[PDB]
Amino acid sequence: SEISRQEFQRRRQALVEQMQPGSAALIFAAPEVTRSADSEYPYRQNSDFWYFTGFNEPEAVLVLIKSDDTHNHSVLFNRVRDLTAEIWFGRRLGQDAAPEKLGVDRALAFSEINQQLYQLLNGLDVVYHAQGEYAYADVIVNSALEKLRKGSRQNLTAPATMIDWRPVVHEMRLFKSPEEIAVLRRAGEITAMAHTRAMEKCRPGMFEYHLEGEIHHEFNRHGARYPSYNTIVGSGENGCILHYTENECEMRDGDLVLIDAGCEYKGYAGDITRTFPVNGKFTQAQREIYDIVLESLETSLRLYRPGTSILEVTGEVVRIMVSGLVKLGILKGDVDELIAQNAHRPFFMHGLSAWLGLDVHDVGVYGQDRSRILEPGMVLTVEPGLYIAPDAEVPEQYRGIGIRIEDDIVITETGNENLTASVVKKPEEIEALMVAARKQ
């Protein structure tokens, strides 16, 4: 499953449908990024630019021109064919092949953008530009507008209105096509296989980074070369650090390990967290915390559907957490009073759900306190956790326990579809999986 030229074209058209007549939208590629000295990081295209192109080169700009309500066309600026640069650094699409390959009407050399962009904007009423997204892009846009403003003697005129297209595009991205959902389903499966593998490989004495290695190898073998974010492998007290990515410690017999990892597959992210015993067996204390987090996730998965909200479901989770913590003596008092005091916050300090798509923590408006009403096509994580610090004023057996369990779901007409349920999370199933692996 991937995204086709025809879909990128439909997206461009859907944006054009929302634009004023006499306007142009400018969408810029990500710059290349230095790792050290003359070496660059592996290229990651800007998500919005990707969304409208599927084109994985820097020094590229998509220009959508809406002349009026019937006439529109597209111009791509992109790197020219150059034998020498290509022998050295790789093949370039170039101008001749781009229109057919990408489905754009015209292609021009990026090297000519300053000579050409102002000509495309001349006489328009509106320019759609994500101001402040990239410095290099702002420079190009501001220079073109300045030429037009200052060019009255050459009969040039600048569009006086600049609109940030990010709100409109981010609303588009918030609602996935069936094809996007198919890609996300595969990302979920790949990510799940990686997590299963980490559970099956984990042994006391291995380093946290060894599990990262197993995960990244599994991503790669299914064609997801890169993770969607830096893999977290937090064992023991490291599990209480939310974005722990050092992954430098030896994993101890008797500790839990929390793994938060996701692949990037054809542009789309998986995002799974599983927490499990390093030695294959939850202690009683570990199991007691684990059960609360799992009940939180399982209830959330029953509830998520069109017409509810992240906020509403979060309320249910908070009650489950407070109730469970009171039962274990971690919190003390009346459950309703404790809920009213947000007494769970020292142990569950983050949100339950984030949008998912081309990015983790994907784009799109949440509403105040994530109160936006859910509709079919929205894709989100469900990630309850409890983190009991090593020095927390709680019964000693719970100190240093960090547990999160996270699935990715898509809202459907009738509820939700869980994209990541093919990696186990019930404690007895985790133990059985690890017992079986440990016998080999």
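Residue indices: 1-based, along the sequence shown.
S.K.: Going by the average Cα B-factor in the PDB entry, point out whether 161 to 169 or 364 to 372 comes out higher.
M.R.: The stretch with the larger average C-alpha B-factor is 364 to 372.
S.K.: Per the entry, where is the mean C-alpha temperature factor higher: 390 to 398 or 405 to 413?
M.R.: Stretch with the greater average CA B-factor: 390 to 398.
S.K.: When you compare the CA B-factors of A182, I310, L211, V326 as listed in the entry, which one comes out on top?
M.R.: Largest recorded C-alpha B-factor: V326.
S.K.: For the C-alpha B-factor as written in the entry, point me to the maximum among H195, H217, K176, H344.
M.R.: In this record, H344 carries the highest C-alpha B-factor of the candidates.
S.K.: Of the three thirds of its chain by CA temperature factor, lowest, middle or highest, which one includes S228?
M.R.: As the PDB entry reports it, the C-alpha B-factor of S228 lands in the middle third of its chain.
S.K.: Consider only the C-alpha atoms of the modelled residues in this chain, order them by B-factor as the entry records it, and name the third containing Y290: lowest, middle or highest.
M.R.: Answer is lowest: the recorded C-alpha B-factor places it there.
S.K.: Is the Cα B-factor recorded for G377 in the lowest, middle or highest third of its chain?
M.R.: It falls in the middle third of the chain.
S.K.: Quick check on the deposited entry: does the C-alpha B-factor of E298 sit in the lowest, middle or highest third of its chain?
M.R.: Middle third by C-alpha B-factor.
S.K.: What third of its chain, lowest, middle or highest, does the C-alpha temperature factor of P42 fall into?
M.R.: Tercile = middle for this residue's CA B-factor.
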